[PDB]
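Protein chains in written order, with this note's numbering: chain Z, 32 to 290; chain B, 32 to 303; chain V, 2 to 266; chain L, 3 to 99; chain W, 239 to 771; chain R, 17 to 111; chain F, 344 to 392.
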Amino acid sequence: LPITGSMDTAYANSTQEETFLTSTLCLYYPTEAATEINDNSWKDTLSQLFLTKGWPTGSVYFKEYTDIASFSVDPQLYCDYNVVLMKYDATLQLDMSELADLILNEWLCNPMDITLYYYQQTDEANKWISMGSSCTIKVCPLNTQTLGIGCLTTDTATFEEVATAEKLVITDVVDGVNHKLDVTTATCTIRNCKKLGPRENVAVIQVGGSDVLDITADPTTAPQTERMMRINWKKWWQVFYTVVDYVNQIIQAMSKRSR
Amino acid sequence: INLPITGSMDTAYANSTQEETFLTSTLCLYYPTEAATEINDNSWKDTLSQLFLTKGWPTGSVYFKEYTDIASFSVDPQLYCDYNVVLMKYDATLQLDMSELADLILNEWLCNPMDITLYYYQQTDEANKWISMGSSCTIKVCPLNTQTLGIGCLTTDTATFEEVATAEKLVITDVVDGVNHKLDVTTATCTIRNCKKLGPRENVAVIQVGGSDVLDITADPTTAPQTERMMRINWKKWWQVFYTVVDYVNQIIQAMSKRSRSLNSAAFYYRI
Amino acid sequence: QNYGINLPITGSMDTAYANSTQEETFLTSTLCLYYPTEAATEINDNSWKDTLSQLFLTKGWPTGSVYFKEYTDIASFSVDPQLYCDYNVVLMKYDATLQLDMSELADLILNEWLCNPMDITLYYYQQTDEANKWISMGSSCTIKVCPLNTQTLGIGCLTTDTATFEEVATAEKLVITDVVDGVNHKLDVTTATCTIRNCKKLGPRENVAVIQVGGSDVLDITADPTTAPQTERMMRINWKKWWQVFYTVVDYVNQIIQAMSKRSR
Amino acid sequence: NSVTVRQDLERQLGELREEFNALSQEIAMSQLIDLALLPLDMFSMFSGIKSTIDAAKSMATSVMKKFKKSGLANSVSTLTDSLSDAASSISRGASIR
Amino acid sequence: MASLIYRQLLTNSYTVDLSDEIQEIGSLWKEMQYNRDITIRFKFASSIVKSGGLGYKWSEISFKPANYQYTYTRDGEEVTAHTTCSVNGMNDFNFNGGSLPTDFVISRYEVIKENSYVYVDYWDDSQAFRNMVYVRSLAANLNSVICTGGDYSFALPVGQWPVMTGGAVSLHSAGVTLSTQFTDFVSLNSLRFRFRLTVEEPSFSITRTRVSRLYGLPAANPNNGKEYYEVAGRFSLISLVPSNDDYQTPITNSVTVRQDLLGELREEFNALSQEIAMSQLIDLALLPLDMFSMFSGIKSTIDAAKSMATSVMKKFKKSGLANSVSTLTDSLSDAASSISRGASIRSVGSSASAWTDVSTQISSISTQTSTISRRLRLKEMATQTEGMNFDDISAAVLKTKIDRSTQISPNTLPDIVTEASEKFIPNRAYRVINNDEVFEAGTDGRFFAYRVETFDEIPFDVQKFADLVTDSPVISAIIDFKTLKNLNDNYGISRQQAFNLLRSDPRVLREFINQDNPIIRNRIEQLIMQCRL
Amino acid sequence: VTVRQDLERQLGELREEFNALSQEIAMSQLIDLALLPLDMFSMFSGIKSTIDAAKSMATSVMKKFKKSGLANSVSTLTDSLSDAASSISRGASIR
Amino acid sequence: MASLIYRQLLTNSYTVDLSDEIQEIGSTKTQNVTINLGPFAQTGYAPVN
Ligand SMILES: *[C@@H]1O[C@H](CO)[C@@H](O)[C@H](O)[C@H]1NC(C)=O
Ligand SMILES: *[C@@H]1O[C@H](CO)[C@@H](O)[C@H](O)[C@H]1NC(C)=O
Ligand SMILES: *[C@@H]1O[C@H](CO)[C@@H](O)[C@H](O)[C@H]1NC(C)=O
Ligand SMILES: *[C@@H]1O[C@H](CO)[C@@H](O)[C@H](O)[C@H]1NC(C)=O
Ligand SMILES: [Ca+2]
Ligand SMILES: [Ca+2]
Ligand SMILES: [Ca+2]
Ligand SMILES: [Ca+2]
Ligand SMILES: [Ca+2]
Ligand SMILES: [Ca+2]
Ligand SMILES: [Ca+2]
Ligand SMILES: [Ca+2]
Ligand SMILES: [Ca+2]
């Protein structure tokens, strides 16, 4: 619907200190942090600290995850404010970028029946996301009369391999050709997903090296958003105290979902 | 041309030059051997051609020029195409090499030969550098003073000269601008040229297949810019990289613009 | 300084002719000669270059503006000729058996070609206009062509048996091929020792000057068999020695450079 | 006798739309209005286009079989059905007024 | 428009000839949801026929139909299935080493290439393959298979063996149709797919001969020892189960239909006649209801949707209407040509005109008028009229009845369209205007001359009415003089309204019909009740 | 082998028959017939005897019809109109 | 006229069905291709033991 307004009105009070009381926060930290900390009451400690900023005790949740890939496998983020702490690993750069591309952006996902149907991408945002314990995907484009191009529609060895033993994959192929696929359906499920407007409710925080995340598959933007943040670390208590102290900035950089 | 141009802001003109050429574009990829190694296919070039055909490029317009290594490619890079894309892998031990390659191909250079022995050269502006190409270029430099003596070096003992390149194929050397230097180079295996930087080359596009943006095209440390035709990708396979390039070549081509100065095959003009 | 564009120029007919830019263009330009090894061989002198330079110095060309660049033979010169100067002269010996190669050399250097690459393993190529030719360089090029019909099948040749292809070159160091414009050709070439490039002949290069040393004028630059022109920078001489030729060039270097004109591109 | 004569891929309809958007506006108006008073029947409309094909296998039928799947034709049939139904006996829907 | 549809049927009659050629050289309702899954396991056969002599020569190595019967799992039930595979359109090669009795000769052997097509009839004991008696749509998406030829040795009693090897083609699914398997006492309805062949890399060859680098698949050993080739996919099918009051969905489709035989279709039409309205009918009688728009709203069966328009046309060009049209055209042509020996039958008019040649007379002016009016029905579908063009109203009634009538079928709509076109408004009148003097006429032997402004009769000037109706445009008598005068008397009428009613304008017609004028409602209801069949 | 001409003498005899039947035509009835929308059926039903179970005459005549001056001129005209509509920079170069 | 072309496409839509009937029937009633052998005769060796 349409929305009118004016410029003569005055600014209202600070919704902070009320959004905190009527919202929830959810940190997602790696097991390395719990290990290095080596304490059982650090959650109670951090909640009592948040209680000074105003976040009550029954509003902050900590949801451990053993590894970035195990997290990327069906991440069920259901909270009113989500923060993720992500270690940096050159060997895991594309995986920790696909995780970002998955959580930061909101996806309209339909299922996929490979064995019975052949699919194509329409626009630049209709991608193929596969999740599971070990995915191994191969693709063979086709021509107008269902013949392979550098591949054979039956001989799986002639297919083109794009993923190997990946727990999460985000596949973009040429938009306008019908592809046949070969996927380890036993261990991985694959969906055809159109990227809608971003998810303004999650905030990635990269604990280590330089900014590497390229959400945009197009290699021209390489944008860095407001809720893709960075930190340099040598311990984890410093990271968590920094998060605590600058949570208001994080929650100003995040905005509750519309859907 | 010196004469002026005019325009407007209300018109919808539609009146413009129409002509013909080689068939409305050409494109040339420069991919590393590692890509075809990982792929292990002998039909992938034709596959990519028939893919590009969906994006509009006809059969005889796309080309691939395999290059074994960044240094080998830096040694006399002969680009003669109407659009050039350069996939380039990340290696923290090669930052300077793959920034010199960028500063060479992205920018347009005007180079004059140099005779080390008979003469002692110098730089005038902040754009008059010395580029050396070959198989192994070991360069050494001695600045000089008003009375044609040395400064922390000796005109006779080459060991006293100050070293700036060791076992490099491509070197782009910038020294203090306004003093005469004496040089010692492996002239048998390398050729050095006094080059001047001109307006950029809008016909090439670098694509860092791997790690974060590092290329400091501008030798001055204050700018550290990043151009529209300086791209980055995150990769774990090469088929996905090529499918990405093909699905998003129209943006690459919107970022690249055909040349203006003239036609040429190398990465620099010769004007003696 | 609007580069990359082409604008209407204007002038008048009342302006007077300005001064002679000669005696300044010589100083701010460079002249490169390309002589054959036979010349220095006959001569048998080590200081002939300094001699010709001190002679040019009388005509106006200063000492280090002149350059001499030897070449053993016309074919070795045809192999990737890299002419990078501001005024090039090329002294060319006549041989009735080398006529086609020394005409291809002329058609390659006198003109300015816009050259795109070529890959034979993937595509089948066709020509579009009468100036879109295929120039092949290397040490020994053996080029064979098989034209195709509308339905991608050969004409008097088979697309597998390379022996049935039609041969246009046989171990040539430089070749310039024109074929029927409107038909796709499949090619066989010695890619290892030869590079082929699809080139379009643009307007001519006014920066070089060929000087035939011996026989009658034969060079047919224009591939079409109707023009057979003789351009202004296509010179002839009759010779029995080489010192006389070099003295002639030096004495008439001003007419040569008037026939030449600094490049556009 | 070959492996097979493949049929090369054709376009991305996005890019074909962009080819039209490149031929956005340079049509002449006198000539267009003179063109839009002509019965440009099937022969006239499918003869001149690109002047090169061997098959000729009823491309008018090939475009008709995609023409009768779209909104226009379905709307025409919907209108005719509505007219016939409403005429014959059919109750007017509460939303219909 | 609504008569343009008849004109278009007559025009496009030329397709009936090629349709019959094709057929010769070839030879309340509900909906149920297939799009069920299937897996087709099949195989080829061969037929080898050797010649006599010493045993070095064969005269045929050809393909042959091949049945197969197996079982597989689907949705947790073991279903028994049965396939039948055959081929069509193959290249017959031959090898010949000489005319001597000891030289290797294969006089004819078949190879399937891209110009061939294989057919795989399929059947199982599921419910779909007994419910598929009335289909609305059928289409299947199946994966491809790559079928390769195996080693085959020719049994030469003397010398070395020729070894047939290589060869391969790819079957992709393209095309689904119905078929039947004929058993001894009953018949089975089956679903035959058509795969197209795409040649592949392995080149067939005949060792110890001058045959090599020859692609395709021959009939020697197409299976390469494989017990069968297996494709897998989904088949999408829509049904026309004749269900009822909205419960008790059938199974096995539980019906018979009118194939056991019009006597009751006429009664259906005579029940649907008067329910039709008038304002909306006039709104529909101005629409060019061309073939698509006339045959779109029919929820046809899979065969009727393919041949409905041609089906009605092949009977529409057999009728009194078409024959009378051809007779009129032949009369006109023979009159324009035969003048020297001119047919002097009759001419009520200035000169001889085929529109004014009375004949077959088994009052004189009444007879002449009726005979001249029996050709204005041809003027109607010859586009020399001006008004509501009665055949248009007939076609509107037709299109308004065949979208409601339950009893419509492929064999049934043909000759119903024609009986309609022939028996809708049998008696009908027409008029011609000249210098503000209207001359009417009707096939019932009635004529009326009258002035436009002040309706008062006049002697009917024959030999002038004919001279006018021959060339001048004609109009229809929807608003005929009797009702027109009743209207001008009771419902006092204006000059423009009267001129438009003479011209039979739908605007003024529908305006009166919305003003609730019984002297027009009665006439239109009479026209409907005459459009009865 | 293949022939190089055929049907010419039959076509000549039919030419003579047409150029001898032309004169006996009448004018009034011809003007009466020239206002008739003589569709395919109207033109091909009233043949003299429908001589013997002929093929589809519409297709038979059309496969020759679309090779002649009339149809090629129609195509040329439509192509010229489209080419003139396409570009504006040419400057109405047909004079 | 220039919209009569759309009206004509609609009107002549019925021929899609005839074309599908061609496609389905001709492929069941196609005649096996027969090759014209070359002007030579593919002779070889004799039966060797
Ligand atoms: C907003 O803040 C001002 C000053 O802190 C306070 O006076 C006012 O009451 C606040 N607004 C509301 C709605 O309470
Ligand atoms: C471009 O063409 C249009 C119409 O042909 C004309 O009105 C306009 O003036 C032209 N542009 C210029 C700069 O003259
Ligand atoms: C032009 O030439 C004349 C004649 O030699 C000379 O006097 C004059 O100085 C020249 N112009 C200039 C600007 O030197
Ligand atoms: C007869 O028709 C009228 C309207 O046409 C309808 O209202 C009525 O119900 C019908 N009679 C029966 C018995 O259905
Ligand atoms: Ca991944
Ligand atoms: Ca995409
Ligand atoms: Ca492959
Ligand atoms: Ca370097
Ligand atoms: Ca030193
Ligand atoms: Ca410097
Ligand atoms: Ca040569
Ligand atoms: Ca040519
Ligand atoms: Ca040959």
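All C-beta atoms in this analysis are idealised placements derived from N, C-alpha and C, irrespective of residue type, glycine included.
Answer yes or no: does any C-beta atom of chain B fall closer than 8 Å to that of Z/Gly207?
-> yes
Beta-carbon separation (whole angstroms), R/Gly62 vs W/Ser564, contact threshold 8 Å = 5 Å
Determine, using beta carbons only, whether W/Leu409 and W/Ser382 come nearer to each other than 8 Å.
-> yes
Interface positions of the segment 72–106 of chain R facing chain L (Cβ-Cβ less than 8 Å), listed along the chain | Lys82, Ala87, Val90, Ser91, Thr94, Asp95, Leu97, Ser98, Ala100, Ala101, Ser102, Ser103, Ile104, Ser105
First and last residue of the beta strand (DSSP E) that includes Z/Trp138?
-> 136–141
Quick one: is the Cβ of B/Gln271 within less than 7 Å of any heavy atom of ligand 6?
-> no
Any C-beta of chain W sitting closer than 8 Å to the C-beta of F/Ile368?
-> yes
For L/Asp43, return the contacting residues in chain F, with the cut-off set at a CB-CB distance below 8 Å.
-> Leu347, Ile348, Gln351
Mind pulling the beta strand (DSSP E) runs of 3 or more residues that sit fully within the segment 148–178 of chain V?
-> Segments of the beta strand (DSSP E) lying fully in the segment 148–178 of chain V: 173–178.
Using a cut-off of 8 Å between C-beta atoms, extract the partners of L/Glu12 located in chain Z.
-> Chain Z residues near L/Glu12: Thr175.
Counting pairs of beta carbons, one from the segment 447–462 of chain W and one from the segment 375–392 of chain W, are three or more of them closer than 8 Å?
-> yes
Per DSSP, W/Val437 is paired with what?
-> W/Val407
Buried versus exposed, by CB contacts within 10 Å (16 or more), R/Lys64 = exposed
Straight-line gap, Z/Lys169 to W/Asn491 (C-alpha atoms, nearest Å) = 44 Å
Have a look at B/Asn73 and W/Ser411 and give me their C-alpha separation to the nearest angstrom.
-> 29 Å
Let me know the secondary structure DSSP gives V/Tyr124 once reduced to three states.
-> coil
R/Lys80 lies in the alpha helix (DSSP H); which residues open and close that run?
-> 73–81
Option in V/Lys187, V/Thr178, V/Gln128 with minimal Cα separation from V/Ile156 | Of the listed residues, the one whose Cα sits closest to V/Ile156 is V/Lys187.
Under 8 Å between C-beta atoms, does B/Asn33 make it to chain V?
-> yes
For the segment 40–52 of chain R, which residues have a CB atom closer than 9 Å to at least one CB atom of chain W, in sequence order?
-> Listed by position, the residues of the segment 40–52 of chain R near chain W (Cβ gap below 9 Å) are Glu40, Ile41, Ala42, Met43, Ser44, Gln45, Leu46, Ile47, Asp48, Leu49, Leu51, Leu52.
Z/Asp203 beta carbon near ligand 5 (any heavy atom closer than 7 Å) | no
Tell me, please, whether the CB atom of W/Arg472 is closer than 8 Å to any CB atom in chain Z?
-> yes
Confirm, please, whether the CB-CB distance from W/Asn273 to W/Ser428 is below 8 Å.
-> Contact flag unset, no.
Could you please tell me which residues of the segment 73–88 of chain B, in chain order, have their CB closer than 8 Å to any CB of chain L?
-> So the list reads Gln81, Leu82, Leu84, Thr85, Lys86, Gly87, given in the order they occur along the chain.
Quick one: using the 10 Å Cβ neighbour count with 16 as the cut-off for buried, is V/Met119 buried or exposed?
-> Buried, since its Cβ has 16 or more Cβ neighbours within 10 Å.
Rounded to whole angstroms, what's the CA-CA distance from B/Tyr62 to R/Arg106? Just pull it up for me.
-> For B/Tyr62 and R/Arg106, the distance between alpha carbons rounds to 43 Å.
Mind checking the segment 367–389 of chain F against chain W and listing, in chain order, the residues whose C-beta falls within less than 9 Å of any C-beta there?
-> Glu367, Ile368, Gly369, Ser370, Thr371, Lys372, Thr373, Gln374, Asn375, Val376, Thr377, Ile378, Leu380, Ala384, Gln385, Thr386, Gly387, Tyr388, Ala389
Output, in chain order, the set of chain Z residues within a Cβ distance shorter than 8 Å of L/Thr54.
-> Below the 8 Å Cβ cutoff, chain Z contributes no neighbours of L/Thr54, its closest Cβ being approximately 18 Å away.
Hey, quick one: how far does the alpha helix (DSSP H) through B/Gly87 stretch, first residue to last?
-> Careful: B/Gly87 lies outside any alpha helix (DSSP H) and carries neither H nor E.
Environment of R/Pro53 [buried if 16+ CB atoms lie within 10 Å] = exposed
Taking 7 Å as the cut-off, is the CB of V/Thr165 close to at least one heavy atom of ligand 13?
-> yes
For V/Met261, which residues of its own chain have a beta-carbon under 7 Å away from its beta-carbon, when the five flanking residues on both sides are left out?
-> Hits under 7 Å: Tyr88, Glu207, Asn208, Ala210, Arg234.
Chain-order list of residues whose beta-carbon lies under 8 Å from that of Z/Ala156 (same chain, five-residue window excluded) = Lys225, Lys226
DSSP beta-bridge partners for W/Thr415?
-> W/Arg430
Sequence-distant residues of the same chain with beta carbon closer than 6 Å to B/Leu135, five excluded per side | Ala298
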